[PDB]
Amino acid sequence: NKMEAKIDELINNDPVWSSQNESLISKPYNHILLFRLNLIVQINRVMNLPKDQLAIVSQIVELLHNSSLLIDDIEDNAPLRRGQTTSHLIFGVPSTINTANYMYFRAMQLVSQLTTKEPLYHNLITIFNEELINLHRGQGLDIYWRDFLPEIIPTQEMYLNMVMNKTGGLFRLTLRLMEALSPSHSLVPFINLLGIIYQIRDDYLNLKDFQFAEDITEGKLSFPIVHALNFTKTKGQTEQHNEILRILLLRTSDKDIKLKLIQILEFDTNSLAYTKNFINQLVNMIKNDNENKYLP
């Protein structure tokens, strides 16, 4: 009687979900909430999306970006993000994966509210879908090289294609949506370059700031490491090639060992100067773009 009446009311209704439930599930996300808006703002100078639409694009980018870091720290076994303990060490890996994944879809739902024009909406959705695919392919390859090392040592070209998918993904997602929504040449090439500079700069500073250098502990095929591995292989420097591999494989937190690998990159392969130079050349493609081939 009563049990069946309760079941009947339950199945004839939408699933029950409270604001308290929403709060529980958002915990890992809120935790990470404690400049990208600047770049969005600056680009809108050209795009001129209305303010309320610009706010939704910005919320979408914030959700995806913050959620991708919660997942990334779990994938990279990172103890710290923004000078604070990572969410998965506080709320657990289970809750943090689910919460991050949940925000991907909340971000997806915000896309629908950018426009109700049916053609444009499909385009927006396709842009969101293609770049989420690219980000995962790039992340997938970066993780694969790290966890299967030393099965595959990527070349510089391979690394740059990985970065186009991995880092170019959110940059392109943001730009492509603003461009599709513009009431006003495509700035995608420029945003790709920006993304590449950004990622190499990141790999470079991880080592340079130390000289934590968590990238070494993580064992990732960073730009300076890819340079170092290919340089030693090409010069037939077997021992140095193997010592680089051994340290990355150690997944070490030992300061002295991390410093030893940085010494190999500074004195044997000169990979840090190689990378500094590479970043400058990339940046000069923008600084010397007098004809505004990339710049607006």
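In this text, residue numbers run from 1 along the sequence as written.
*Asks:* I'd like the number of residues from the deposited sequence that lie between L34 and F35 yet are not in the model, binned as none, 1 to 3, 4 to 9, or 10 or more.
*Replies:* Gap between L34 and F35: 4 to 9 unmodelled residues.
*Asks:* Scan the PDB entry between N77 and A78 and report the missing deposited residues as one of none, 1 to 3, 4 to 9, 10 or more.
*Replies:* None; the chain is continuous from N77 to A78.
*Asks:* Which wins on mean Cα temperature factor, 77 to 85 or 97 to 105?
*Replies:* Result: 77 to 85.
*Asks:* 282 to 290 versus 21 to 29: which one carries the higher mean Cα B factor per the record?
*Replies:* Comparing 21 to 29 with 282 to 290, the higher average CA B-factor belongs to 282 to 290.
*Asks:* Of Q211, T126, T155, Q139, which one's C-alpha B factor is largest in the deposited record?
*Replies:* Comparing C-alpha B-factors across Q211, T126, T155, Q139, the maximum falls on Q211.
*Asks:* Whose CA atom has the top B-factor in the entry, of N44, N242, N230, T252?
*Replies:* The C-alpha B-factor peaks, among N44, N242, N230, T252, at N44.
*Asks:* State the tercile, meaning the lowest, middle or highest third, of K117 with respect to the CA B-factors recorded for its chain.
*Replies:* Ranked within chain, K117 CA B lands in the highest tercile.
*Asks:* Within this chain's modelled residues, let me know which third the CA B factor of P224 belongs to: lowest, middle or highest.
*Replies:* Its C-alpha B-factor, which the entry lists for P224, ranks in the lowest third among residues of this chain.
*Asks:* How does the C-alpha B factor of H185 compare with the rest of the chain: lowest, middle or highest third?
*Replies:* For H185, the deposited C-alpha B-factor lands in the highest third.
*Asks:* Considering only modelled residues of the same chain, in which third does the CA B-factor of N38 rank: lowest, middle or highest?
*Replies:* For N38, the deposited C-alpha B-factor lands in the highest third.
*Asks:* Taking the C-alpha B-factors as the PDB entry records them, is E130 in the lowest, middle or highest third of its chain?
*Replies:* For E130, the deposited C-alpha B-factor lands in the lowest third.
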